[PDB]
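Notes follow once the structure below has been shown.
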Amino acid sequence: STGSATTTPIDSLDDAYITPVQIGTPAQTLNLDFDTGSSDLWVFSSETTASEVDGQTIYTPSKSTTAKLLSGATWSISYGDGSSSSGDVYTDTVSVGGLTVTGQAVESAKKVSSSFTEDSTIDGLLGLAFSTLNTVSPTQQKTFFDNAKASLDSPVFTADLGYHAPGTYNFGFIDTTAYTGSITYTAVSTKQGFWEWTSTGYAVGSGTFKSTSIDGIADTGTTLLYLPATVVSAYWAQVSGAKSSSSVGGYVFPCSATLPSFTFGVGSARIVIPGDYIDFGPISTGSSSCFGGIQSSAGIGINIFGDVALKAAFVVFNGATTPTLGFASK
Ligand code: NA
(Lines give C-alpha, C1' and ligand atoms only; values in the text may rest on other atoms or scores of the structure.)
Protein backbone atom coordinates (compact mmCIF):
# COMPACT_ATOMS: atom_id res chain seq x y z
CA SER A 1 0.00 0.00 0.00
CA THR A 2 0.94 3.69 -0.31
CA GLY A 3 -0.52 7.04 0.72
CA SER A 4 -0.04 10.59 -0.62
CA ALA A 5 -1.37 13.75 1.06
CA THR A 6 -0.89 17.46 0.38
CA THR A 7 0.51 19.57 3.22
CA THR A 8 -0.36 23.30 3.29
CA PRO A 9 1.33 26.18 5.18
CA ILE A 10 -0.92 27.57 7.97
CA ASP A 11 0.07 31.21 7.25
CA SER A 12 2.12 33.50 5.00
CA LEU A 13 5.37 32.75 6.90
CA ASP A 14 5.25 28.89 6.67
CA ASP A 15 5.10 28.76 10.45
CA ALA A 16 3.80 25.18 10.22
CA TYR A 17 2.10 22.89 7.72
CA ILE A 18 -1.24 21.07 8.04
CA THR A 19 -2.24 17.81 6.39
CA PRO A 20 -5.80 16.45 6.33
CA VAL A 21 -6.27 13.17 8.21
CA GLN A 22 -9.42 11.00 8.30
CA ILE A 23 -10.24 9.57 11.73
CA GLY A 24 -13.13 7.27 12.58
CA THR A 25 -16.22 5.89 10.83
CA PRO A 26 -17.79 7.82 9.22
CA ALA A 27 -14.60 9.83 8.62
CA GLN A 28 -13.93 12.92 10.67
CA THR A 29 -11.30 14.99 8.82
CA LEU A 30 -8.89 16.96 11.04
CA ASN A 31 -5.94 19.06 9.88
CA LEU A 32 -2.86 17.79 11.71
CA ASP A 33 0.70 19.04 12.02
CA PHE A 34 2.94 16.13 10.90
CA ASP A 35 5.88 16.25 13.28
CA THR A 36 9.03 14.11 12.68
CA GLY A 37 10.27 15.34 16.06
CA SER A 38 7.58 13.67 18.21
CA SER A 39 5.71 10.40 18.42
CA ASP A 40 2.13 11.11 19.59
CA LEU A 41 -0.94 11.44 17.36
CA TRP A 42 -3.16 13.71 19.45
CA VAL A 43 -6.24 15.73 18.56
CA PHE A 44 -8.56 18.38 19.82
CA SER A 45 -11.65 16.49 20.82
CA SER A 46 -15.14 16.52 22.40
CA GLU A 47 -13.19 15.99 25.69
CA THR A 48 -11.03 19.13 25.36
CA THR A 49 -11.79 21.79 28.08
CA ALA A 50 -14.24 24.09 26.24
CA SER A 51 -12.36 27.33 27.15
CA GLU A 52 -9.20 25.84 25.46
CA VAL A 53 -10.92 25.32 22.07
CA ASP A 54 -11.09 28.37 19.73
CA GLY A 55 -11.95 27.43 16.14
CA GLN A 56 -10.28 23.98 15.88
CA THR A 57 -12.13 21.02 14.38
CA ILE A 58 -12.62 18.35 17.07
CA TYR A 59 -12.64 14.57 17.03
CA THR A 60 -15.79 13.15 18.70
CA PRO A 61 -15.16 9.46 19.47
CA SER A 62 -18.82 8.88 20.44
CA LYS A 63 -19.75 9.57 16.76
CA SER A 64 -17.29 6.95 15.42
CA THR A 65 -18.53 3.37 15.14
CA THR A 66 -14.87 2.13 15.15
CA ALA A 67 -13.67 4.13 18.19
CA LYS A 68 -12.81 2.19 21.37
CA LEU A 69 -11.53 3.61 24.64
CA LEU A 70 -8.01 2.34 25.36
CA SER A 71 -8.96 1.74 28.97
CA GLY A 72 -6.65 3.23 31.57
CA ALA A 73 -4.29 4.84 29.06
CA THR A 74 -3.27 8.50 29.46
CA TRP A 75 -0.76 10.76 27.78
CA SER A 76 1.01 14.02 28.47
CA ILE A 77 3.56 15.78 26.31
CA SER A 78 5.76 18.89 26.47
CA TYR A 79 7.39 20.30 23.32
CA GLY A 80 10.67 22.23 22.80
CA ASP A 81 8.70 25.55 22.54
CA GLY A 82 7.13 25.16 26.06
CA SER A 83 3.70 24.05 24.73
CA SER A 84 1.92 20.99 26.10
CA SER A 85 -1.17 18.83 25.98
CA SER A 86 -2.57 15.78 27.76
CA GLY A 87 -5.55 13.48 27.87
CA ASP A 88 -6.87 9.96 27.37
CA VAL A 89 -6.69 7.53 24.43
CA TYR A 90 -8.98 5.82 21.92
CA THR A 91 -8.10 3.40 19.18
CA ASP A 92 -9.72 4.11 15.80
CA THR A 93 -9.19 3.85 12.06
CA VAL A 94 -6.89 6.59 10.71
CA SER A 95 -6.25 7.30 7.02
CA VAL A 96 -3.70 9.63 5.46
CA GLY A 97 -3.76 10.22 1.73
CA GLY A 98 -5.56 6.93 1.07
CA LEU A 99 -3.38 4.79 3.43
CA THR A 100 -5.43 3.31 6.26
CA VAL A 101 -4.35 1.99 9.67
CA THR A 102 -6.81 0.19 11.88
CA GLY A 103 -6.36 0.23 15.65
CA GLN A 104 -4.27 3.47 15.67
CA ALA A 105 -3.93 5.15 19.07
CA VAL A 106 -5.70 8.53 18.81
CA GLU A 107 -4.76 10.58 21.87
CA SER A 108 -7.75 12.79 22.80
CA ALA A 109 -6.78 16.07 24.48
CA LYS A 110 -8.46 17.00 27.74
CA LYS A 111 -6.06 19.98 28.15
CA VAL A 112 -3.93 21.99 25.73
CA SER A 113 -1.62 24.95 26.41
CA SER A 114 -2.35 28.48 25.21
CA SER A 115 -0.22 28.27 22.02
CA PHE A 116 -2.46 25.38 20.77
CA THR A 117 -5.72 27.17 21.66
CA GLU A 118 -4.51 30.36 19.92
CA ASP A 119 -3.71 28.46 16.63
CA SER A 120 -7.20 27.76 15.17
CA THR A 121 -5.64 26.16 12.03
CA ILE A 122 -4.01 23.13 13.81
CA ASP A 123 -6.39 20.42 15.03
CA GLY A 124 -3.63 18.27 16.53
CA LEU A 125 -0.29 16.61 15.79
CA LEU A 126 0.70 13.40 14.02
CA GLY A 127 4.09 12.28 15.30
CA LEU A 128 6.57 10.60 12.94
CA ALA A 129 9.64 10.18 15.18
CA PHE A 130 10.41 6.74 16.64
CA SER A 131 7.73 5.09 18.79
CA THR A 132 10.16 4.95 21.77
CA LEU A 133 9.19 8.63 22.36
CA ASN A 134 5.42 8.02 22.51
CA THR A 135 4.04 9.30 25.84
CA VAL A 136 1.09 6.91 26.35
CA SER A 137 1.12 5.22 29.79
CA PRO A 138 1.09 2.50 30.96
CA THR A 139 1.28 0.88 27.51
CA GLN A 140 3.37 2.87 25.01
CA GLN A 141 1.74 3.17 21.56
CA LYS A 142 3.04 3.08 17.98
CA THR A 143 3.11 5.93 15.51
CA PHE A 144 0.94 5.91 12.39
CA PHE A 145 4.11 5.14 10.36
CA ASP A 146 5.18 2.27 12.59
CA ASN A 147 1.66 0.73 12.39
CA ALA A 148 1.54 1.24 8.57
CA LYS A 149 5.07 0.03 7.87
CA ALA A 150 4.55 -3.69 7.28
CA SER A 151 1.67 -2.89 4.78
CA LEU A 152 3.70 -0.31 2.80
CA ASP A 153 5.31 -1.10 -0.54
CA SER A 154 8.64 0.25 0.90
CA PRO A 155 9.14 1.14 4.62
CA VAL A 156 9.59 4.88 3.97
CA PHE A 157 7.84 8.22 4.04
CA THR A 158 8.96 11.42 2.32
CA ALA A 159 8.57 15.09 3.18
CA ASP A 160 8.42 17.60 0.34
CA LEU A 161 7.57 20.90 2.01
CA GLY A 162 6.83 24.00 -0.05
CA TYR A 163 8.20 27.53 0.31
CA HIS A 164 5.10 29.68 0.61
CA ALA A 165 3.24 26.88 -1.22
CA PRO A 166 1.72 23.45 -0.58
CA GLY A 167 3.85 20.30 -0.62
CA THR A 168 3.46 16.57 -0.12
CA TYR A 169 3.86 13.77 2.40
CA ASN A 170 4.12 10.35 0.73
CA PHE A 171 4.08 6.98 2.50
CA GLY A 172 5.49 3.77 1.03
CA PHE A 173 7.15 5.05 -2.14
CA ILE A 174 9.68 7.52 -3.57
CA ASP A 175 8.31 9.87 -6.19
CA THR A 176 11.28 10.05 -8.61
CA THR A 177 9.59 13.07 -10.33
CA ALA A 178 9.62 15.17 -7.13
CA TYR A 179 13.41 15.87 -7.00
CA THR A 180 16.39 16.65 -9.21
CA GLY A 181 19.68 14.74 -9.32
CA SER A 182 20.19 11.87 -6.89
CA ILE A 183 19.24 11.21 -3.28
CA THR A 184 22.15 11.20 -0.81
CA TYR A 185 21.51 8.91 2.15
CA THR A 186 23.10 9.42 5.57
CA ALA A 187 23.16 7.42 8.80
CA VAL A 188 20.58 7.89 11.53
CA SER A 189 20.97 7.36 15.27
CA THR A 190 17.72 6.38 17.00
CA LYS A 191 19.29 6.60 20.49
CA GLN A 192 17.27 9.72 21.47
CA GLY A 193 14.15 8.63 19.46
CA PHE A 194 14.67 11.23 16.74
CA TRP A 195 15.71 11.18 13.09
CA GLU A 196 19.20 12.22 14.25
CA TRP A 197 21.96 12.55 11.69
CA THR A 198 25.28 14.37 11.14
CA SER A 199 25.65 17.12 8.56
CA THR A 200 29.13 17.39 6.98
CA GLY A 201 29.34 21.23 7.15
CA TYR A 202 28.04 24.51 5.87
CA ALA A 203 28.63 27.56 3.73
CA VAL A 204 27.26 31.12 3.96
CA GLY A 205 26.27 32.65 0.64
CA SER A 206 28.99 32.26 -1.97
CA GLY A 207 31.60 31.56 0.75
CA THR A 208 33.82 28.55 1.05
CA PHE A 209 32.33 25.37 2.49
CA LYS A 210 33.44 24.62 6.07
CA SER A 211 33.83 20.87 6.67
CA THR A 212 32.60 20.23 10.22
CA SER A 213 30.32 17.59 11.79
CA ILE A 214 26.95 18.99 12.99
CA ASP A 215 24.74 16.44 14.75
CA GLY A 216 21.04 17.34 14.64
CA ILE A 217 17.51 16.14 14.02
CA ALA A 218 15.26 16.36 10.99
CA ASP A 219 12.12 17.93 12.53
CA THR A 220 9.14 18.93 10.38
CA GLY A 221 7.37 20.21 13.49
CA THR A 222 9.98 22.96 14.12
CA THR A 223 9.71 26.09 11.98
CA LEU A 224 13.32 27.33 12.03
CA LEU A 225 16.90 26.06 11.59
CA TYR A 226 18.70 25.86 14.98
CA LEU A 227 22.49 25.46 14.73
CA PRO A 228 25.54 26.01 16.93
CA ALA A 229 26.23 29.60 17.91
CA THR A 230 29.50 29.64 15.92
CA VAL A 231 27.68 28.74 12.68
CA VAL A 232 24.80 31.14 13.31
CA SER A 233 27.15 34.07 14.13
CA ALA A 234 29.06 33.37 10.89
CA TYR A 235 25.78 33.57 8.93
CA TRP A 236 24.40 36.76 10.48
CA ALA A 237 27.82 38.53 10.30
CA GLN A 238 27.16 38.65 6.51
CA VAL A 239 23.97 40.74 6.99
CA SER A 240 24.54 44.47 7.70
CA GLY A 241 22.77 45.50 10.87
CA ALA A 242 21.88 41.95 12.04
CA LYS A 243 22.16 41.32 15.76
CA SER A 244 21.04 38.95 18.46
CA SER A 245 18.26 40.57 20.55
CA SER A 246 17.66 39.18 24.08
CA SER A 247 14.41 41.26 24.14
CA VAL A 248 13.06 39.64 20.92
CA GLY A 249 14.58 36.17 21.58
CA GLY A 250 17.05 35.68 18.71
CA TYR A 251 18.70 37.20 15.69
CA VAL A 252 16.91 40.05 13.96
CA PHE A 253 17.92 41.90 10.83
CA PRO A 254 16.83 45.04 8.95
CA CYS A 255 13.81 44.38 6.82
CA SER A 256 15.63 46.26 4.02
CA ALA A 257 18.32 43.52 3.83
CA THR A 258 18.85 40.93 1.11
CA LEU A 259 19.77 37.68 2.93
CA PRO A 260 22.49 35.31 1.75
CA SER A 261 21.81 31.66 1.12
CA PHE A 262 22.88 28.96 3.58
CA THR A 263 24.29 25.62 2.42
CA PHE A 264 24.40 22.45 4.55
CA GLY A 265 26.25 19.23 3.74
CA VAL A 266 24.77 15.75 3.42
CA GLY A 267 27.75 13.50 2.91
CA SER A 268 29.49 14.93 -0.21
CA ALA A 269 26.23 16.54 -1.37
CA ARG A 270 25.04 20.06 -0.63
CA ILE A 271 21.54 21.49 0.03
CA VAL A 272 21.21 25.22 -0.59
CA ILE A 273 18.62 27.21 1.43
CA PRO A 274 17.86 30.40 -0.55
CA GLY A 275 18.12 33.63 1.42
CA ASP A 276 14.45 34.32 1.05
CA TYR A 277 13.64 31.15 3.08
CA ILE A 278 15.49 32.67 6.08
CA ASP A 279 13.20 35.80 6.25
CA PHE A 280 10.43 35.44 8.86
CA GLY A 281 9.23 39.03 8.48
CA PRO A 282 8.62 41.85 10.93
CA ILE A 283 8.99 41.04 14.62
CA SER A 284 5.71 42.89 15.26
CA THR A 285 3.28 44.22 12.80
CA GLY A 286 4.75 47.20 10.90
CA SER A 287 8.27 46.90 12.41
CA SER A 288 11.34 47.41 10.26
CA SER A 289 13.15 44.71 12.36
CA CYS A 290 12.71 41.23 10.83
CA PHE A 291 13.12 37.86 12.55
CA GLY A 292 15.75 35.46 11.26
CA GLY A 293 15.13 31.90 10.20
CA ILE A 294 18.50 30.63 11.38
CA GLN A 295 18.84 30.77 15.18
CA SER A 296 21.25 29.45 17.81
CA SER A 297 20.60 26.03 19.34
CA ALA A 298 22.57 26.99 22.48
CA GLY A 299 20.38 26.21 25.52
CA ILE A 300 18.12 23.84 23.50
CA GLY A 301 20.66 20.98 23.84
CA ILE A 302 20.24 19.77 20.19
CA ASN A 303 20.61 21.17 16.68
CA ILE A 304 17.34 21.14 14.74
CA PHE A 305 16.99 20.99 10.96
CA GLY A 306 13.43 22.37 10.97
CA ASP A 307 11.25 23.47 8.11
CA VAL A 308 13.62 26.26 6.92
CA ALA A 309 16.14 23.59 6.03
CA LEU A 310 13.80 20.70 5.11
CA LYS A 311 11.70 22.67 2.65
CA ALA A 312 14.85 23.27 0.54
CA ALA A 313 15.05 19.48 -0.07
CA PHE A 314 13.16 16.32 -0.91
CA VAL A 315 13.64 14.33 2.31
CA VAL A 316 13.39 10.52 2.66
CA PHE A 317 12.70 9.07 6.08
CA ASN A 318 13.82 5.45 5.57
CA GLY A 319 12.36 3.25 8.30
CA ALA A 320 14.03 0.01 7.21
CA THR A 321 15.67 -2.20 9.86
CA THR A 322 18.70 0.17 9.72
CA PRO A 323 17.01 3.63 9.40
CA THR A 324 18.58 6.30 7.23
CA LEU A 325 17.73 9.81 5.94
CA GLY A 326 17.96 10.86 2.30
CA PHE A 327 18.20 14.36 0.91
CA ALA A 328 17.83 15.52 -2.69
CA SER A 329 17.68 18.96 -4.26
CA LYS A 330 14.42 19.88 -5.97
NA1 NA B 1 7.91 33.79 16.74
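What is reported rests on the model, the rules as stated and the sources as named; these are not laboratory values. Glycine gets a Cβ as well: all are built from the backbone with ideal geometry, and neighbour counts include every protein chain shown.
Taking strands (runs of 3 or more DSSP E) as the structural unit, those lying wholly within segment 262-320 and holding at least 2 residues that are within 13 Å of the ligand (Cβ to nearest atom) correspond to 279-282, 289-292. Listed by position, the strands (runs of 3 or more DSSP E) inside segment 90-209 whose residues that are closer than 22 Å to residue 23 by Cβ and in contact with a helix residue (DSSP H, G or I) (Cβ under 9 Å, 6 or more places away or on another chain) number at least 1 are 99-112, 124-127, 156-160, 167-171. Restricting the first member to segment 196-223 and to residues that are assigned by CATH to the domain that holds residue 17, and the second to residues that are surrounded by 19 or more Cβ atoms within 10 Å (Cβ to Cβ), no beta-carbon pair is closer than 8 Å while six or more apart or on different chains. Taking the listed residues 16, 73, the one that is within 16 Å of the ligand (Cβ to nearest atom), closer than 21 Å to residue 145 by Cβ and assigned by CATH to the domain that holds residue 87 is 16, with no other qualifying. None of 205, 193, 181, 201 is surrounded by 15 or more Cβ atoms within 10 Å (Cβ to Cβ), of a type in the set (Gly, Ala, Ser) and more than 19 Å from the chain's Cα centre (by Cα) except 201. Within segment 261-281, residues that are within 11 Å of residue 235 (Cβ to Cβ) sit with their Cβ atoms under 6 Å from residues that are within 16 Å of the ligand (Cβ to nearest atom), at 6+ positions apart or across chains, in these pairs: 278/293; 278/294.
Filtering segment 285-299 for residues that are touching a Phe, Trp or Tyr at 6+ places or on another chain (Cβ under 8 Å), of a type outside the set (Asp, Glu) and at positive phi leaves an empty set.
Residue-wise test of (1) out of contact with any strand residue (DSSP E or B) (no Cβ under 9 Å at 6 or more places or on another chain); (2) among the aromatic types (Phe, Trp, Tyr).
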position	(1), (2)
76	no, no
79	no, yes
90	no, yes
98	no, no
108	no, no
117	yes, no
121	no, no
124	no, no
127	no, no
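Looking at 165, 187, just one residue is in contact (Cβ under 8 Å) with a residue 24 or more places away in the chain, in the same structural domain as residue 260 (by CATH) and loosely packed, with under 13 Cβ neighbours inside 10 Å, and that residue is 187.
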